[PDB]
Each structure stands twice: as C-alpha cells, then as structure tokens.
Amino acid sequence: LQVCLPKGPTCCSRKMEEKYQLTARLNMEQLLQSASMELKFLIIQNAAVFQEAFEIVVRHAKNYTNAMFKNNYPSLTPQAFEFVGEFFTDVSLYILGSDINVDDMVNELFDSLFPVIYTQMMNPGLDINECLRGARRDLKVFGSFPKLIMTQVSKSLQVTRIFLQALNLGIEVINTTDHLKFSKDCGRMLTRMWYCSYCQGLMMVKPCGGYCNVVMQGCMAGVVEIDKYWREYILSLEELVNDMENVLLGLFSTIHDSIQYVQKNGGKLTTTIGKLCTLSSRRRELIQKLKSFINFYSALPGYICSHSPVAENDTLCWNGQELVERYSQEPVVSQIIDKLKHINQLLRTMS
Amino acid sequence: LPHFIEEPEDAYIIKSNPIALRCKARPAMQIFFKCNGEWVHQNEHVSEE
Ligand SMILES: *[C@@H]1O[C@H](CO)[C@@H](O)[C@H](O)[C@H]1NC(C)=O
C-alpha cells in the first residue's frame, strides 16, 4: 500500500486504496462546489439581469432616436434609420466588449448625417457624397456637438463595459474554485482522513478536528492567499458602482439641437459648399449581497472541516493512521491571483 | 400536385429596406408562408390570381 499506513493487518488492497483516493477527490470537489454554488448563482443571475437591462436601455434609445427622426425630420428618413441603427449596433457591440472606437462611432454618425441634411433640408436638388463627408469635418459644421457626445458616451460606456467584464471574471474564478486539483500528497492525506479508517475495520469513526485543520491548512496554503485579492476585488467593485441610462436617454435632445445648430448657418454653408463641391437599486443590492461573501476564501478550509464528518472534541477520533484517545498534533492559483490583480487595477483606475 | 414556378430566394435586408418574398406555383388555390416553424398571418399575404 502507498496511502494507508499499515499498523496492524488491513481489510483493503491497493486497488481499494485507489478507489478510496478517487472517492476522496470526488468528495473534495463536491464540498467545494457546495461551498461556491450560492455565490456562483448570485453573480450569474446579476450578470444576466444587468446585460438584459443595458440591452433594454440601448433598444429604447435607438427606438426614440428613430421616432424623433420620423417626427421632426421626415426628409432625413429612411437614411436616418440606417445611421441610427449602425450607431446603436456599434454601441451594443462596445458594451459587450468588442473592439469598437467610440470617437469613430460619433464621427461616422455625423459623417452619414451631414450629406442627407445638405441634400434634403438645405439644398433640395450620390457621386458628390464624399465631398460633403469631407466638408463636414473640414468646416466643423456641427461645432463642439460631436466631441460633447463623444466624451458623454465614452465615459459611461467604458464604466459599463468594465462592470460587465468584472462580473464575468468573478463568475470565472468562482467556477474555477471547485475545479482546483490538489497535490498527490494532499490526495493521500484526504484518503487517510476520510477512508483509511475503513481499511482498519472501523465503521463510524470520524477524523479529529485538529487533524482536519492541519490537512486543510496543508493543501489550502495557496488558496487562502487569494483572500487579499478577492477582498480588494469586492471593495474596488463597490468603488465602481458609486451613469449610462441617463446619458443615452438625453442623446435625442442633443442630436436635435445639433441639427438646428447646423441649419442655423445654412446661408454661408450652402454657398461655400456649392463652390467647393431600478438599475442603481439592483447594483446596490448586488454589492450589499456580495459583501456577505468577502470571507469566502479565508473561511473555505473551515467550511471543508465543518461540513466533513469530524470529531470536534478531538476524543476517540481517527488521526490518519490510528484511533487515538486524544489527538497529538500554485499554477492555477497564480492565474486566479493574476486575473484578480488585473481586474483590481482596471477597477481602481475607473474610480 | 402543385409545381412551384417561382421558389423564394434567400433575401438580405440592406439599410433597413424591407424586401418582400415572392412565391408562385401552379396548380395552386392556397399558398401560405411558414416562417421559422409557424404560419404567417393572413393579412401579411398578398395573393395574385
Ligand atoms: C419604439 O418606438 C415607439 C414609437 O415612438 C415608442 O413608443 C417606444 O417607446 C419605442 N421603444 C423602444 C425600445 O425604444
């Protein structure tokens, strides 16, 4: 045998020892999953809800922009629908983490908007389209409106994108916890603590509380080190929640006023161009519920021992090798800590 | 049995321009569309005899 220390005879062979080792692995994985399930489901629920809520906000804003174009500028439709759809599609793609340039969104929006304004509102009556697109930026026809919208929407969209990425990475690391493979020495120690008593013919004897403590603090020396970074993650997320619904909903007034602004100097513009050519409640409840799990990594060995059958009294218990009267006495973890450091820096820089 | 003369070709929406789908068969008395598993409302259909 290679695990069960044979003091007397033994009722189990080497293959039964391998079976006990695999059952020890499975029991440890089940205990970790039971410890992490509530928090995993909490973060999954909140990620899904916030994603749907942000999509609802974007859809409502696209609908109102299209409706206000239909009502105030029928001469700009159906082209207005095209550039509004492209703008809000790129908005959603940026929110969901795709490489989209916010300044490029606004600039393409105004680049598409100006030629139809010129042809249908200012000078009624396809090849000259690019000359108008160039004149849009070269003559600064929209004034400071494009940069105002650019900063206004970049500020909110970046914080929302990083909020979603933080939720997803919390989901990722909490999923990773219950799949943590341990050392072979820890496998043998868990087999001794949980099952090797059966090899000595004992039926209901439980391991000592102190033996469970030394074993758990033995193989969770790395996992406990995650607690600092997990606490900093929670606190940085709290720093971030303390933005994007109000901004996207005022966009229509700003666009209407920008169109008025361009129409205001039509006299000179036409001649020059003719010559030249409940959310905040949800994130608050989420942070208040997330603060209840700040001790998750520090209380984890305590959980494994308090939910495994152990003799807390340290009397008439199994010490891994014999029944005693009184008890005598990286790589994946490194990746978890790396990702936590990354997300914590990213959080802190936002707020 | 009905033989289709003009079978519907996969359409593509460009710049939010709604493009209708064509269907022509003979001999036919009733022609209906089944978009994504379910029948299309009678009002949406425009028949030509
Ligand atoms: C869609 O447009 C309609 C018509 O103006 C409006 O009543 C509705 O609030 C809009 N919905 C969204 C998702 O914007």
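All positions are counted from 1 along the displayed chain.
Just so it is clear, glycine is given a Cβ too, placed from its N, Cα and C backbone atoms.
Feature annotations, reproduced from Swiss-Prot:
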- A:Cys4-A:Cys196: disulfide bond (DISULFID)
- A:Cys12-A:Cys199: disulfide bond (DISULFID)
- A:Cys131-A:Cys277: disulfide bond (DISULFID)
- A:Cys186-A:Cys219: disulfide bond (DISULFID)
- A:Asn63: N-linked glycosylation site (CARBOHYD)
- A:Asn175: N-linked glycosylation site (CARBOHYD)
- A:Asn313: N-linked glycosylation site (CARBOHYD)
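Closest to A:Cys277 (disulfide bond) in space, going by CA atoms and restricting to the recorded positions A:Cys4, A:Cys12, A:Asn63, A:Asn175, A:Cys199, is A:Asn63. Checked against ligand 1, the recorded positions A:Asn63, A:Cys186, A:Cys199, A:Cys219, A:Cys277 give A:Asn63 as the ones with a Cβ under 6 Å from it, listed in sequence order. The recorded positions shown are A:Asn63, A:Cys131, A:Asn175, A:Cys196, A:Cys199; of these, the one with its CA atom nearest the CA of A:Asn313 (N-linked glycosylation site) is A:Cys196. Cβ environment of A:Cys199 (disulfide bond): A:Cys4, A:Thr10, A:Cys11, A:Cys12, A:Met16, A:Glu17, A:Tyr20 lie under 8 Å away, each six or more residues apart in the same chain. Here A:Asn175 (N-linked glycosylation site) is compared against the recorded positions A:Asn63, A:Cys131, A:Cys186, A:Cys219, and the shortest C-alpha distance is to A:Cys219.
Taking CA atoms as the reference points, A:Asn63 (N-linked glycosylation site) and A:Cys186 (disulfide bond) are 59 Å apart. The Cβ of A:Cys186 (disulfide bond) has 17 other Cβ atoms within 10 Å, all protein chains considered. Per Cα geometry, A:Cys186 is the residue among the disulfide-bonded residues A:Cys131, A:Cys186, A:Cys219 nearest to A:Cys196 (disulfide bond). According to its DSSP assignment, A:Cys219 (disulfide bond) is helical. In this structure, the CA atom of A:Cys131 (disulfide bond) is 72 Å away from the CA atom of A:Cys186 (disulfide bond). It is A:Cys277, among the disulfide-bonded residues A:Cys12, A:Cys196, A:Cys219, A:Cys277, whose Cβ has the fewest other Cβ atoms within 10 Å in the structure shown.
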